[PDB]
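Undergrad: What follows is the file coords30.pdb, containing PDB, C-alpha atoms:
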```pdb
ATOM      1  CA  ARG A 106      60.346 106.981  65.318
ATOM      2  CA  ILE A 107      61.510 109.786  67.656
ATOM      3  CA  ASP A 108      65.117 108.664  67.048
ATOM      4  CA  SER A 109      64.672 108.981  63.272
ATOM      5  CA  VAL A 110      63.076 112.406  63.686
ATOM      6  CA  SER A 111      65.928 113.770  65.856
ATOM      7  CA  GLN A 112      68.523 113.074  63.141
ATOM      8  CA  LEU A 113      66.478 114.922  60.516
ATOM      9  CA  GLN A 114      65.854 117.963  62.746
ATOM     10  CA  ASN A 115      69.515 118.725  63.297
ATOM     11  CA  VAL A 116      70.323 118.106  59.606
ATOM     12  CA  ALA A 117      67.772 120.571  58.267
ATOM     13  CA  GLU A 118      69.410 123.652  59.794
ATOM     14  CA  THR A 119      73.065 122.670  59.536
ATOM     15  CA  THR A 120      72.990 121.524  55.898
ATOM     16  CA  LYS A 121      72.010 125.034  54.856
ATOM     17  CA  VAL A 122      75.379 126.214  56.263
ATOM     18  CA  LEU A 123      77.329 123.758  54.083
ATOM     19  CA  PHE A 124      75.193 124.608  51.074
ATOM     20  CA  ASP A 125      76.277 128.249  51.172
ATOM     21  CA  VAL A 126      79.871 127.427  52.175
ATOM     22  CA  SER A 127      80.371 125.102  49.229
ATOM     23  CA  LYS A 128      79.385 127.723  46.663
ATOM     24  CA  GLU A 129      81.479 130.323  48.511
ATOM     25  CA  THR A 130      84.557 128.125  48.074
ATOM     26  CA  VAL A 131      83.781 127.701  44.334
ATOM     27  CA  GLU A 132      83.712 131.503  43.977
ATOM     28  CA  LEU A 133      87.271 131.715  45.341
ATOM     29  CA  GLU A 134      88.487 129.390  42.572
ATOM     30  CA  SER A 135      87.042 131.725  39.932
ATOM     31  CA  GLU A 136      89.298 134.471  41.333
ATOM     32  CA  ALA A 137      92.202 132.021  41.304
ATOM     33  CA  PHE A 138      92.001 131.961  37.509
ATOM     34  CA  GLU A 139      92.935 135.652  37.374
ATOM     35  CA  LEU A 140      95.934 134.817  39.539
ATOM     36  CA  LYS A 141      96.858 131.871  37.296
ATOM     37  CA  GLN A 142      97.151 134.138  34.292
ATOM     38  CA  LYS A 143      99.339 136.578  36.272
ATOM     39  CA  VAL A 144     101.599 133.693  37.375
ATOM     40  CA  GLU A 145     101.732 132.440  33.783
ATOM     41  CA  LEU A 146     102.835 135.735  32.270
ATOM     42  CA  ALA A 147     105.599 136.113  34.853
ATOM     43  CA  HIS A 148     106.913 132.603  34.190
ATOM     44  CA  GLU A 149     106.898 133.210  30.433
ATOM     45  CA  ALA A 150     108.670 136.561  30.766
ATOM     46  CA  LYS A 151     111.353 135.109  32.995
ATOM     47  CA  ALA A 152     111.915 132.260  30.536
ATOM     48  CA  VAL A 153     112.330 134.402  27.422
ATOM     49  CA  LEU A 154     114.662 136.665  29.387
ATOM     50  CA  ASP A 155     116.653 133.650  30.572
ATOM     51  CA  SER A 156     117.222 132.605  26.978
ATOM     52  CA  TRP A 157     118.451 136.102  26.183
TER
ATOM     53  CA  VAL B   1      80.446 122.500  41.114
ATOM     54  CA  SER B   2      77.670 123.327  43.543
ATOM     55  CA  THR B   3      76.485 120.774  46.122
ATOM     56  CA  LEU B   4      73.311 118.949  45.140
ATOM     57  CA  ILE B   5      70.000 119.297  46.959
ATOM     58  CA  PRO B   6      69.225 115.655  48.312
ATOM     59  CA  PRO B   7      69.859 116.382  52.056
ATOM     60  CA  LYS B   8      67.112 118.977  52.303
ATOM     61  CA  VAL B   9      64.341 117.070  50.510
ATOM     62  CA  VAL B  10      62.565 115.099  53.205
ATOM     63  CA  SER B  11      59.033 114.006  52.535
ATOM     64  CA  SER B  12      59.849 110.433  51.517
ATOM     65  CA  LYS B  13      61.303 109.748  54.957
ATOM     66  CA  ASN B  14      57.728 110.436  56.136
ATOM     67  CA  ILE B  15      56.662 107.089  54.691
ATOM     68  CA  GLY B  16      60.243 105.962  54.249
ATOM     69  CA  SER B  17      60.495 104.015  57.458
ATOM     70  CA  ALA B  18      58.103 101.464  58.870
ATOM     71  CA  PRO B  19      57.276 103.273  62.187
ATOM     72  CA  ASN B  20      55.514 106.011  60.180
ATOM     73  CA  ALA B  21      52.792 103.381  59.616
ATOM     74  CA  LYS B  22      52.758 102.551  63.334
ATOM     75  CA  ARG B  23      52.797 106.255  64.189
ATOM     76  CA  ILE B  24      49.666 107.032  62.202
ATOM     77  CA  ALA B  25      48.005 104.120  63.971
ATOM     78  CA  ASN B  26      48.901 105.139  67.549
ATOM     79  CA  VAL B  27      48.438 108.900  67.088
ATOM     80  CA  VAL B  28      44.807 107.914  66.580
ATOM     81  CA  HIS B  29      44.672 104.993  69.008
ATOM     82  CA  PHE B  30      46.522 106.728  71.775
ATOM     83  CA  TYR B  31      44.799 110.034  71.787
ATOM     84  CA  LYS B  32      41.393 108.317  71.625
ATOM     85  CA  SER B  33      42.287 106.155  74.610
ATOM     86  CA  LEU B  34      40.341 106.846  77.794
ATOM     87  CA  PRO B  35      42.181 107.001  81.177
ATOM     88  CA  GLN B  36      40.324 103.943  82.386
ATOM     89  CA  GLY B  37      37.699 102.002  80.430
ATOM     90  CA  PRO B  38      34.079 103.064  79.885
ATOM     91  CA  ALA B  39      32.777 100.418  82.338
ATOM     92  CA  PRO B  40      33.434  96.656  82.711
ATOM     93  CA  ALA B  41      29.885  95.355  83.459
ATOM     94  CA  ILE B  42      29.565  93.698  86.783
ATOM     95  CA  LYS B  43      26.302  95.215  88.101
ATOM     96  CA  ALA B  44      23.562  97.636  87.021
ATOM     97  CA  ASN B  45      20.920  96.741  89.644
ATOM     98  CA  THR B  46      18.322  95.163  87.378
ATOM     99  CA  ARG B  47      18.328  92.718  90.329
ATOM    100  CA  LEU B  48      20.061  90.067  88.254
ATOM    101  CA  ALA B  49      22.921  92.343  87.395
ATOM    102  CA  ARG B  50      23.405  91.913  91.151
ATOM    103  CA  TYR B  51      23.536  88.152  90.500
ATOM    104  CA  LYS B  52      26.368  88.918  88.068
ATOM    105  CA  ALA B  53      27.974  91.198  90.637
ATOM    106  CA  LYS B  54      28.083  88.563  93.325
ATOM    107  CA  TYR B  55      28.869  85.580  91.139
ATOM    108  CA  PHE B  56      29.920  86.342  87.568
ATOM    109  CA  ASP B  57      32.636  88.901  88.294
ATOM    110  CA  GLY B  58      35.823  89.069  86.275
ATOM    111  CA  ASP B  59      37.696  87.184  88.995
ATOM    112  CA  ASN B  60      34.887  84.929  90.278
ATOM    113  CA  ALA B  61      35.404  81.421  88.972
ATOM    114  CA  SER B  62      33.819  80.306  92.266
ATOM    115  CA  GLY B  63      31.284  77.557  91.648
ATOM    116  CA  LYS B  64      28.507  79.220  93.639
ATOM    117  CA  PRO B  65      26.227  80.463  90.759
ATOM    118  CA  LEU B  66      26.437  76.979  89.247
ATOM    119  CA  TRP B  67      25.360  75.421  92.561
ATOM    120  CA  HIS B  68      22.630  77.991  92.994
ATOM    121  CA  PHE B  69      21.464  77.666  89.394
ATOM    122  CA  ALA B  70      21.498  73.857  89.657
ATOM    123  CA  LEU B  71      19.496  73.969  92.866
ATOM    124  CA  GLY B  72      16.955  76.147  91.049
ATOM    125  CA  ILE B  73      16.228  73.409  88.523
ATOM    126  CA  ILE B  74      15.978  70.919  91.431
ATOM    127  CA  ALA B  75      13.357  73.198  93.021
ATOM    128  CA  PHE B  76      11.488  73.420  89.727
ATOM    129  CA  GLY B  77      10.908  69.798  88.786
ATOM    130  CA  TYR B  78      10.502  68.672  92.432
ATOM    131  CA  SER B  79       7.399  70.867  92.637
ATOM    132  CA  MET B  80       6.314  69.433  89.263
ATOM    133  CA  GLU B  81       6.538  65.948  90.798
ATOM    134  CA  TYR B  82       3.784  67.107  93.155
ATOM    135  CA  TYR B  83       1.969  68.652  90.174
ATOM    136  CA  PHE B  84       1.838  65.183  88.591
ATOM    137  CA  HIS B  85       1.615  63.072  91.747
TER
END
```
Could you show the structure in this file as structure tokens?
TA:
Amino acid sequence: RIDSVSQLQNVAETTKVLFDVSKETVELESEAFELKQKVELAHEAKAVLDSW
Amino acid sequence: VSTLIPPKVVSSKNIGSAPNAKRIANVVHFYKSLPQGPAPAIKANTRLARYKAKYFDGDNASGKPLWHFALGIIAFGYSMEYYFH
């Protein structure tokens, strides 16, 4: 029973770290969307200009 | 998408394994254990608890109380022979 208990003890603290970290990462991808639109506009502009 | 909350919900690992059942047994049993027993019964000096102390110990399988007790009945009826004769 002590063996079972020891696993759970360590988990309880450390999991909270991952919990935060995971959402933090997701936030970064939101910001990446703003980038994506910047990238997009540049690509489009270069293409129209290339045709000219 | 955000990580789900399963890892942090533990309250069904408190009955979830079999030694929880054993635990709730021996947290009572061993806690209510005495260092040594209450007493084994061997003597008490009622003057026949002494008979038990000499003869009817935990380790005495020695035939001596049997012999003594047998001889007692021999002493009983032998006198009764002379009560009837």
Undergrad: Between chain A and chain B, at 7 Å or less, what are the per-residue closest atom pairs and their distances in Å? Count all atoms listed in the file, order by chain and rising residue number, and return it as a tab-separated table.
TA:
```
residue	atom	partner	partner_atom	distance
A:106	CA	B:19	CA	5.7
A:117	CA	B:8	CA	6.2
A:124	CA	B:3	CA	6.4
A:127	CA	B:2	CA	6.5
A:128	CA	B:2	CA	5.7
A:131	CA	B:1	CA	7.0
```
Undergrad: Using only C-alpha atoms, please write the residues we just selected to a file, as a CSV table (one decimal), in the frame of the given file.
TA:
```
chain,number,residue,atom,x,y,z
A,106,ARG,CA,60.3,107.0,65.3
A,117,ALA,CA,67.8,120.6,58.3
A,124,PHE,CA,75.2,124.6,51.1
A,127,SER,CA,80.4,125.1,49.2
A,128,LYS,CA,79.4,127.7,46.7
A,131,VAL,CA,83.8,127.7,44.3
```
Undergrad: Quick one: everything within 12 Å of residue 55 of chain B, counting all atoms listed in the file, minus sequence neighbours fewer than 3 positions away in the same chain. Send it as JSON, numbers by chain.
TA: {"B": [42, 43, 48, 49, 50, 51, 52, 58, 59, 60, 61, 62, 63, 64, 65, 66, 67, 68, 69]}
Undergrad: To one decimal place in Å, what is the distance between atom CA of residue 70 of chain B and atom CA of residue 40 of chain B?
TA: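 The value is 26.7 Å.
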Undergrad: Go ahead and fit an axis-aligned box to every listed atom of segment 31-39 of chain B plus 8 Å each side, and pass me the centre and edge lengths in Å, one decimal, as JSON.
TA:
```
{"center_x": 38.8, "center_y": 105.2, "center_z": 77.0, "size_x": 28.0, "size_y": 25.6, "size_z": 26.8}
```
Undergrad: Just to confirm, what's the straight-line distance from atom CA of residue 114 of chain A to atom CA of residue 12 of chain B in Å (one decimal)?
TA: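 Interatomic distance, atom CA of residue 114 of chain A to atom CA of residue 12 of chain B: 14.8 Å.
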Undergrad: For a quick check of understanding, using only C-alpha atoms, which of B:34, B:41, B:71, B:15 has the smallest distance to residue 57 of chain B?
TA: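 Among the listed residues, B:41 lies closest to residue 57 of chain B.
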Undergrad: Rebuild segment 106-131 of chain A to N, CA, C and O atoms - output it as a short mmCIF file (atom, residue, chain, number, x, y, z; two decimals), in the frame of the given file, please.
TA:
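Just written: part12.cif:
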```cif
data_model
loop_
_atom_site.label_atom_id
_atom_site.label_comp_id
_atom_site.auth_asym_id
_atom_site.auth_seq_id
_atom_site.Cartn_x
_atom_site.Cartn_y
_atom_site.Cartn_z
N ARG A 106 60.69 105.93 66.25
CA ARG A 106 60.35 106.98 65.32
C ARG A 106 60.95 108.29 65.75
O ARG A 106 61.46 109.03 64.92
N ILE A 107 60.91 108.60 67.07
CA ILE A 107 61.51 109.79 67.66
C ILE A 107 62.98 109.87 67.34
O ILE A 107 63.47 110.95 67.02
N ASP A 108 63.71 108.74 67.38
CA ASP A 108 65.12 108.66 67.05
C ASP A 108 65.38 109.11 65.63
O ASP A 108 66.26 109.92 65.39
N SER A 109 64.57 108.61 64.67
CA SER A 109 64.67 108.98 63.27
C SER A 109 64.51 110.46 63.08
O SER A 109 65.33 111.11 62.44
N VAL A 110 63.46 111.02 63.73
CA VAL A 110 63.08 112.41 63.69
C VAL A 110 64.17 113.33 64.16
O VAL A 110 64.40 114.37 63.54
N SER A 111 64.89 112.95 65.25
CA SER A 111 65.93 113.77 65.86
C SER A 111 67.08 114.01 64.92
O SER A 111 67.60 115.12 64.84
N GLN A 112 67.47 112.97 64.13
CA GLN A 112 68.52 113.07 63.14
C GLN A 112 68.19 114.13 62.12
O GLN A 112 68.99 115.01 61.83
N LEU A 113 66.93 114.10 61.61
CA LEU A 113 66.48 114.92 60.52
C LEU A 113 66.39 116.37 60.91
O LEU A 113 66.67 117.26 60.10
N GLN A 114 65.99 116.64 62.18
CA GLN A 114 65.85 117.96 62.75
C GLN A 114 67.14 118.73 62.70
O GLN A 114 67.19 119.84 62.17
N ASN A 115 68.24 118.08 63.16
CA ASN A 115 69.52 118.72 63.30
C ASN A 115 70.08 119.00 61.92
O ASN A 115 70.67 120.06 61.69
N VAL A 116 69.87 118.05 60.98
CA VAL A 116 70.32 118.11 59.61
C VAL A 116 69.80 119.32 58.91
O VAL A 116 70.57 120.06 58.31
N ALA A 117 68.49 119.60 59.06
CA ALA A 117 67.77 120.57 58.27
C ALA A 117 68.38 121.95 58.35
O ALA A 117 68.50 122.64 57.35
N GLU A 118 68.77 122.38 59.58
CA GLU A 118 69.41 123.65 59.79
C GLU A 118 70.82 123.66 59.27
O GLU A 118 71.18 124.50 58.45
N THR A 119 71.62 122.66 59.68
CA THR A 119 73.06 122.67 59.54
C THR A 119 73.52 122.53 58.11
O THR A 119 74.57 123.03 57.73
N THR A 120 72.74 121.78 57.29
CA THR A 120 72.99 121.52 55.90
C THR A 120 72.97 122.80 55.11
O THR A 120 73.74 122.95 54.17
N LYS A 121 72.11 123.76 55.50
CA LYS A 121 72.01 125.03 54.86
C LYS A 121 73.31 125.79 54.96
O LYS A 121 73.69 126.49 54.02
N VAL A 122 74.06 125.64 56.08
CA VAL A 122 75.38 126.21 56.26
C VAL A 122 76.35 125.72 55.22
O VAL A 122 77.00 126.51 54.55
N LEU A 123 76.41 124.38 55.00
CA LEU A 123 77.33 123.76 54.08
C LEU A 123 77.02 124.16 52.68
O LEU A 123 77.93 124.32 51.86
N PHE A 124 75.72 124.29 52.37
CA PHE A 124 75.19 124.61 51.07
C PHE A 124 75.78 125.90 50.58
O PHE A 124 76.32 125.96 49.48
N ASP A 125 75.74 126.94 51.45
CA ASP A 125 76.28 128.25 51.17
C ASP A 125 77.77 128.18 51.03
O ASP A 125 78.32 128.59 50.01
N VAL A 126 78.44 127.52 52.02
CA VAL A 126 79.87 127.43 52.18
C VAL A 126 80.51 126.85 50.95
O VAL A 126 81.53 127.34 50.47
N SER A 127 79.87 125.80 50.37
CA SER A 127 80.37 125.10 49.23
C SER A 127 80.46 126.01 48.03
O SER A 127 81.50 126.07 47.38
N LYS A 128 79.39 126.78 47.75
CA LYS A 128 79.39 127.72 46.66
C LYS A 128 80.35 128.85 46.88
O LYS A 128 80.96 129.33 45.93
N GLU A 129 80.55 129.27 48.16
CA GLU A 129 81.48 130.32 48.51
C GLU A 129 82.88 129.94 48.13
O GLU A 129 83.61 130.73 47.53
N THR A 130 83.27 128.68 48.43
CA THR A 130 84.56 128.12 48.07
C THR A 130 84.77 128.15 46.58
O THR A 130 85.83 128.57 46.11
N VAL A 131 83.75 127.73 45.78
CA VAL A 131 83.78 127.70 44.33
C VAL A 131 84.04 129.06 43.74
O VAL A 131 84.77 129.18 42.76
#
```
